[PDB]
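Asker: Test case, fold it:
(chains A, B and C, ligands or ions: 1)
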Amino acid sequence: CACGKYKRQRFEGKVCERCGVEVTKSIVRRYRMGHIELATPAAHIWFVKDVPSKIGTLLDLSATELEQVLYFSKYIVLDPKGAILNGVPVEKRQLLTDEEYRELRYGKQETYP
Amino acid sequence: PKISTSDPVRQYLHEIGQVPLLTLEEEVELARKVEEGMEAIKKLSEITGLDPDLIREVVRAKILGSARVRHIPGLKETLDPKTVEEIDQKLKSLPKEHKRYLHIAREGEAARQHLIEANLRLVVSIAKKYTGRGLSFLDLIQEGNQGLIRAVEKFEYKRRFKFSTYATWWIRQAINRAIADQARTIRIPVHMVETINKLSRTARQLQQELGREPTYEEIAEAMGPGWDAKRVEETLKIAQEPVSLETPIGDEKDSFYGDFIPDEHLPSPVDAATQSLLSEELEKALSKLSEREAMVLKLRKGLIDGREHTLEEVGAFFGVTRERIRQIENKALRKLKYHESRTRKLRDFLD
Amino acid sequence: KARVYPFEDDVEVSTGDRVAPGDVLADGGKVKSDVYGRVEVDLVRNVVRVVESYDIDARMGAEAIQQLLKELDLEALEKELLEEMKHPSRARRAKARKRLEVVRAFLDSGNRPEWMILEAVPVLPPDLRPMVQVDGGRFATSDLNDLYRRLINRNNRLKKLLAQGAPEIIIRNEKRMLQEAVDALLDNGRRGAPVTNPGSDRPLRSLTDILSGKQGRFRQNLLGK
Ligand SMILES: [Zn+2]
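Answerer: Numbering: from 1, shown residues only, chains lettered A, B, ... in the order given. Sure, structure below:
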């Protein structure tokens, strides 16, 4: 173990109480996976940049559209109701710019010196 | 179609869009609204009895949360269900005299958002200076950005300092601290980045002062009081990159540094085969012994620990202790020499 | 572009809520709203403003995609695409049927499309991306570690900013960098390579290169024991 409480192999398979380390072969270090939990999901690049983008393909999104949402320059809708600028109510998908979003979910304001 | 590939920085430099025109008047008002907010949250947890940090969480939730109420709150750490409504329905069901503190608290958290956004440009201009020092420009910006959050947390408007040049400090702090922590593969203490940076400072003078690159003794005298030939050396060792396993070698295409590094951990067929036989032949050796005796040596070494005196205390679990176990070792070891001198099995393992 | 609502005594809701049409607003419920908006509650001038605003759920980045991929009913898409077989003839057949080749392959395997999005990035066992001590008290190590580091760093920071309830603009910035960081790890250089700041402008070896070798490949070669 790390701290050094256990050796010999006599204790084969016991996780240590102090140091938290399993007592096995060291070779196990070339085979044991870890992970990292992301604060926000991230796209696997193979399923995006390999063409035809297997996800884009699945959603009816061209590579440039995909890029835009996936890398943060256009919002895509999921549930709406809104209907301004054009006057046209926009629906379940299709994307919008900052000023489009910040006019819809935030309103219309203007300050004057 | 590889058009908008490397936007990142250009992209983020659209917060010109968020109107940075912050008058003293607007700066103060927002700052004031932040403070009065922070105080309200105290008055609140004072009246409700709830934790102040927990309230602030709920106030943040009702302002930011619409698509910001996180769908994965760290896999059941923060609770984003109806527990927020329950809190808000508590606060909202307060009498007028106390309920006003909720509205103050909401304004405050709304004012924080603006006061931060207003000065994002400031961070960029400060971070612009720290580039190349081992950390990506964008990383520096973000690192500095939290410096700016903290600056807002700390700033008191009653002392009429210019928020700009105040926050300035906190931004600088978070950046420098980030560099000391994040820049190096093998993490190092801060007062050690200090010194390393102090050495590569003095190397500059001592080059041009002398003409030649200074000896170690040269650069130690210059360093000051705790300093030593060995110390300069032993330090610079620590100071290095370090080397990439994936570094190609001479022929470039086929070989890499890593290819040449040999495993010295795992035992090679010859090694392995030995120590396995050893185990077998030691057993065959100490088998023909007193069972009590055999364990003595197995507990003096044969399991795990040197046992300078420890075994001699807990005398073979139960038994006569100390200076009478000293005698057993002797006779047990000497009992093996009777056998070994005759049947030479163990002799050959002494390399 | 708002709607003011004066009030005499009581005032339900507080500044920042999403309301209307016709929602309880103030005074025992005497004041209702009219149009969808965002509450402002004027402390001093006794009036609550409702600012013209819907509660749109429009999002950015992988979080947005993951959702669409989760809600995607493949059973129903398969039927729906089979219903475009030579309906606009050579036009939308030729195209929107290569679309079906995917749908079908997913259906036959039983793999949720969602899975293409990562929310837990796996980590290669350390022993084979080691940190060897070489001559001179200097070290040799795989690039992966340095790719992995910077990713961890950005994730952790993202946690803090979210925990801080930072402005969504500086959060986007973070999420952008995180996405990139993940890209850089998995398959580096499909968007302008990252390098070790000093050493040289040598691009860091990603997993993808480490697997197959960047040399187009897997031939060429570099192949033998
Ligand atoms: Zn242990």
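Asker: Summarise which helices and strands the longest helix along chain C is packed against.
Answerer: Using DSSP state H, we find that the single longest helix of chain C is helix C:143-164. On a contact count with 3 or more Cβ pairs under 8 Å, 6 or more residues apart in numbering or on different chains; DSSP states H and E, helix C:143-164 meets strand A:34-43, helix B:137-154, helix C:168-186. In short, each C-beta sits where N, CA and C put it, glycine included.
Asker: ok now the second one, how far from the chain's centre?
Answerer: For helix B:137-154, the distance between its averaged C-alpha position and the chain's averaged C-alpha position is 19 Å (Cα atoms, centre = their mean, to the nearest Å).
Asker: Next, the buried residues of that helix.
Answerer: Buried residues in helix B:137-154, counted by 16 or more other Cβ atoms under 10 Å in any protein chain shown: B:137-149, B:151-152.
Asker: Please apply the same query to the shortest one.
Answerer: Within strand A:34-43, the residues that count as buried by 16+ other Cβ under 10 Å are A:36, A:38, A:39, A:40, A:41, A:42, A:43.
Asker: Are it and chain B in contact anywhere?
Answerer: Yes - counting by Cβ under 8 Å from any Cβ of the partner chain, chain B has neighbours in strand A:34-43: A:37, A:39.
Asker: Give me the contacts around that strand.
Answerer: A:55, A:70, B:74-75, C:61-63, C:65-66, C:116-123, C:125, C:148, C:151-152, C:155, C:158-159, C:162, C:175, C:178-179, C:182 (Cβ atoms under 8 Å, 6 or more residues apart in numbering or on different chains).
Asker: out of the helices and strands packed on helix C:143-164, nearest to residue B:345?
Answerer: When these are compared by Cβ to Cβ, strand A:34-43 sits nearest residue B:345, at 45.7 Å.
Asker: Run me through the strand neighbours of that closest one, direction for each.
Answerer: Counting by DSSP bridges, the strands paired with strand A:34-43 are strand C:117-123 (antiparallel).
Asker: Phi first, then psi, for the closest residue in space to residue A:1 that isn't next to it in sequence.
Answerer: Excluding its sequence neighbours, the residue lying closest to residue A:1 (Cβ to Cβ, 6 or more residues apart in numbering or on different chains) is residue A:16, at 3.9 Å. The phi/psi pair for residue A:16 (degrees, to the nearest 10) reads phi -80, psi 150.
Asker: And for residue A:16, the neighbour number?
Answerer: 16 (other Cβ atoms under 10 Å in any protein chain shown).
Asker: Would you agree it is in contact with residue A:24?
Answerer: No - judged on Cβ atoms under 8 Å, residue A:16 makes no contact with residue A:24 at a distance of 11.6 Å.
Asker: wait, what's in contact with the residue of chain A found nearest chain B?
Answerer: Taking Cβ to the nearest Cβ, chain B has its nearest neighbour within chain A at residue A:7, 3.9 Å off. Contact analysis of residue A:7 by Cβ under 8 Å, 6+ apart lists A:1, A:23, B:304.
Asker: Show the buried residues in those.
Answerer: Buried among the contacts of residue A:7 (16+ other Cβ under 10 Å): A:1, A:23.
Asker: Which of the contacts of residue A:7 sits closest to residue C:21?
Answerer: Nearest member of these to residue C:21, counting by Cβ to Cβ, is residue A:1, at 65.9 Å.
Asker: Can you tell me, leaving aside adjacent residues, what's nearest to residue B:11?
Answerer: With Cβ to Cβ, 6+ apart as the criterion, residue B:11 has its nearest non-adjacent residue at 6.6 Å, and that residue is residue A:73.
Asker: What number of residues are in the vicinity of residue 3?
Answerer: Looking at chain A here, since you left the chain open. Neighbour tally, residue A:3, other Cβ under 10 Å: 11.
Asker: hmm, I had chain C in mind actually
Answerer: 14.
Asker: Within the helices and strands, which one has it?
Answerer: strand C:2-6 (DSSP states H and E).
Asker: Mind listing residues that contact that strand?
Answerer: Strand C:2-6 is contacted from outside by A:107, C:25-26, C:31, C:33-35, C:37, C:40, C:46-52, using Cβ under 8 Å, 6+ apart.
Asker: Counting by contacts, list what whichever strand or helix holds residue B:336 packs against.
Answerer: For residue B:336, the element it lies in under DSSP H and E is helix B:325-342. Packing contacts for helix B:325-342, counted by 3+ Cβ pairs under 8 Å, 6+ apart, involve helix B:269-287, helix B:291-297, helix B:310-313.
Asker: quick revisit: now render the buried residues of strand A:34-43 as CSV, adding distance to residue B:163.
Answerer: What follows is the buried residues of strand A:34-43, written out as CSV (distance: Cβ to Cβ, whole Å):
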residue, distance to residue B:163
A:36, 37
A:38, 34
A:39, 29
A:40, 31
A:41, 36
A:42, 35
A:43, 39
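Asker: Identify the residues contacting residue A:94.
Answerer: A:76, A:77.
Asker: still on that earlier bit, tell me the one among the contacts of residue A:7 nearest to residue B:213.
Answerer: Nearest to residue B:213 among the contacts of residue A:7 is residue A:1, at 46.6 Å by Cβ to Cβ.
Asker: how much space is there between the closest one and the ion?
Answerer: Computed as Cβ to the ion, to the nearest Å, the residue A:1 to the ion distance reads 3 Å.
Asker: cool, residue C:14 as well?
Answerer: For residue C:14, the distance to the ion - Cβ to the ion - is 54 Å.
Asker: Let me see the contact set for that residue.
Answerer: With Cβ under 8 Å, 6+ apart, residue C:14 has these contacts: B:62, B:92, B:102, B:103, B:106, C:39, C:41.
Asker: Keep only those of these that are in strands.
Answerer: Judged by DSSP state E, these include residue C:39 as members of strands.
Asker: Any chance of JSON lines for the contacts of residue C:14, columns neighbour count and distance to residue B:272?
Answerer: Listed next are those as JSON lines, based on neighbours: other Cβ atoms under 10 Å in any protein chain shown; distance: Cβ to Cβ, whole Å:
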{"residue": "B:62", "neighbour count": "23", "distance to residue B:272": "66"}
{"residue": "B:92", "neighbour count": "15", "distance to residue B:272": "73"}
{"residue": "B:102", "neighbour count": "25", "distance to residue B:272": "72"}
{"residue": "B:103", "neighbour count": "18", "distance to residue B:272": "75"}
{"residue": "B:106", "neighbour count": "24", "distance to residue B:272": "70"}
{"residue": "C:39", "neighbour count": "24", "distance to residue B:272": "75"}
{"residue": "C:41", "neighbour count": "21", "distance to residue B:272": "77"}
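Asker: so which strand or helix has residue B:307?
Answerer: Here residue B:307 is assigned to no helix or strand, by DSSP H and E.
Asker: Kindly provide the distance from the nearest residue to it once chain neighbours are set aside to residue A:78.
Answerer: Spatial nearest neighbour of residue B:307, excluding adjacent residues (Cβ to Cβ, 6+ apart): residue B:300 at 5.0 Å. As for residue B:300, its distance to residue A:78 is 71 Å (criterion: Cβ to Cβ, to the nearest Å).
Asker: Who has more neighbours out of those two?
Answerer: Under the criterion of other Cβ under 10 Å, the comparison of residue B:300 against residue A:78 puts residue B:300 first, with 21 against 16.
Asker: shouldn't the more buried one be in contact with residue B:329?
Answerer: Yes - with contact defined as Cβ under 8 Å, residue B:300 counts as touching residue B:329 (6.7 Å).
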